[PDB]
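Next up: just one chain, as structure tokens, the form solved without the partner chain.
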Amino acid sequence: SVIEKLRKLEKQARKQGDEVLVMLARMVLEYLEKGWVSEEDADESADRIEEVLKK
């Protein structure tokens, strides 16, 4: 699930105190629910958020 991936990343960012990445994961989720981003672009966003989280 793209949604489950983004929720897990949001919580990992909350655990790291990474407030920008919290917002990006949270808002990709909101955009996906609103139909403002495609599922494929949300999945790619999750992958990028994960990369930035590791840095």
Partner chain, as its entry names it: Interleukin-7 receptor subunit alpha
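Residue numbers count along the first chain shown, from 1.
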query	finding
Stretch with the higher entry mean CA B-factor, where the candidates are 27-35 and 12-20	12-20
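Beyond the structure shown, there is the form solved in complex with the partner chain, which is absent from this document and is the topic of what follows.
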query: Interface membership of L24, the partner chain in the deposited complex, 4.5 Å heavy atom rule; finding: yes
query: Exercise: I49 in contact with the partner chain in the deposited complex, heavy atom 4.5 Å; finding: yes
query: Residue contact check: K55 to the partner chain in the deposited complex, 4.5 Å heavy atom; finding: yes
query: Contact flag, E39 vs the partner chain in the deposited complex, heavy atom cut 4.5 Å; finding: no
